[PDB]
Amino acid sequence: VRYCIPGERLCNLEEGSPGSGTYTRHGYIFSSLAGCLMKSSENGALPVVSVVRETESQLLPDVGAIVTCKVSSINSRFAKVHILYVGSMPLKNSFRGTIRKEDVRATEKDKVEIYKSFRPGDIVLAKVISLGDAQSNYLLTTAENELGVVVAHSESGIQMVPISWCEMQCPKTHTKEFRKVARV
Amino acid sequence: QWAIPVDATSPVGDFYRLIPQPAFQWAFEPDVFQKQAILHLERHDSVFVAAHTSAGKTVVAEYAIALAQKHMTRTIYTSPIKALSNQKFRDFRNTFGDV
Amino acid sequence: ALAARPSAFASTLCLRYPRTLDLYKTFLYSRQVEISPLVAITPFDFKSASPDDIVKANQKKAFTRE
Amino acid sequence: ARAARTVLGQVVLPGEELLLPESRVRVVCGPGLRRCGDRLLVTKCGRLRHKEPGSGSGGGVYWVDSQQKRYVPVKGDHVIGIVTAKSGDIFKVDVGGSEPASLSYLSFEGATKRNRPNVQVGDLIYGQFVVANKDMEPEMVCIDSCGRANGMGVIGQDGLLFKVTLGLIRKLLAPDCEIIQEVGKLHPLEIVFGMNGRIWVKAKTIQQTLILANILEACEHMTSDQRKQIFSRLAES
Amino acid sequence: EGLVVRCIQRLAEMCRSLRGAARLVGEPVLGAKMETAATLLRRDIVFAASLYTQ
């Protein structure tokens, strides 16, 4: 196996096609990273050549991506969060976010009180929809059955467990609280 | 020509064979002319109606009204009198949606 | 275009810092230091209504508006 | 480590511990107390007080009472606030805490999307809270529990709003308090207290409003009898 | 008293439209007493309207 530097001659436009993290010019395929040479033959010949480091220290979010987050503060009409994991991998730094009062449920309905949906200190799974404005930058959404708070935390520091679609109960003191439970 | 008066009996040969998917069901039975207008209205056509009963002409009107929420668009109904203007609003308020 | 051999300062700057009995005794941890849960169902398997899905399939199938 | 029911009406200090009566009881610790194990811890200076109404039941809450100025919102308190903004369809109001509160246009009596009430920026409102937990900005409604505004809403047209400490407010809001009756004997008055450290007064003459404003802030001290009658006589003039 | 309320809600519209003219000319001497009249005209019986408003 051989690795790459972000430019070299790899293949012709007839002997394959550019993939992820590559660019082409003057009929040749040129590398754009320092990772490893992977050629996904797939099916139909003409492999889509690409270079991937496979050791992601940082990765910029996209228009559509699954991210694991951590709520920082909540407001009556929005809830600022902190992106913590981009899908699976840990993130070296922390960006910022904002959950508007339209992305809680998968219907974009009225009612939907934000206060009992995203209590601070939780960890949530959400999806981006846009690159946002200068006030709110990523505009995450949870309008799905698989998205929502996944691992909550008690009032007095005890790991929580899901109990229903809309209601949660304390295991120790048997206290009832409201969340937005996501599918496991 | 731009004007075609459809005959009262000639066009219609079947009603449920076409429109395979359902519509705004009515508790009573639909007359031939109400289904005749609904048939043209499905093709986004322009319809003129000349009848005698009042609510009988409103069947295609509420067909279009129910069809709009399946298209999420908006429709405008014009009634040049105040008493009749709110009765239809009251009829469709408890019936469905928001008016 | 010949590459060369390193020298002390570089070869010490590029250092990788990655039971075998017991030493440094005073600094061990042992020497220096009912719950009836009645837990509910452990997960909630969502086997039940999940309103969003209800309202969506409800209206699409229903398709009546009357 | 002393025990409770023995040190009532005694000045305590932070860091001290006390023993509640023996059989753990479900009495809830108040503002300046925290329950640890089967003991209570003191986090504020003040004086222990215990209130059980009339019976041998619970009937009882433990809370120390001190003198301070900074106010922390408490659910169910009558708080006077000042409007600050009109963003969106709400009314941000400054009550005196860490964050501003939030009204709604329909929170007033008989208010709808058309007959909205007239609330400017920089006006004082009498109203009660419905959510004051440490998870959100506090929110207050301003008519009633049932829905008939009993003197609530926007108040104050020809009076003076000044600020006093929480101790004087606590002292005045007592069922065995003769302060208001005697003070109103000299100068007829009408007051609207606020648990955030604010008072609205309205006498007849501007001179009387000045005198009541100055002499009410000093009534927390200068204990009655040997002192109060002579002070009242001196101010008669 | 059935046409009085309609005359009132007709008057209030022209008083609401004269503000744009006073603003266009730039003469707030009349545009201030007209704004006071506009706020002085809005009563509560006028907005009663129908039964199931809300």
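Heads up, chain B uses Swiss-Prot numbers, so what you see runs 282-380.
If you check the header, you will see the structure was determined by electron microscopy, 7.0 Å.
Every residue gets a Cβ built from N, Cα and C, even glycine.
Within the same chain, no residue at least 6 positions away in sequence has its Cβ under 8 Å from that of B:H333 (ATP binding site). Marked as ATP binding site by Swiss-Prot: B:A332, B:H333, B:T334, B:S335, B:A336, B:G337, B:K338, B:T339.
The Cβ neighbour count for B:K338 (ATP binding site), using a 10 Å radius and every protein chain shown, is 15. Counting other C-beta atoms within 10 Å of each candidate's C-beta, the binding-site residues B:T334, B:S335, B:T339 are led by B:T339.
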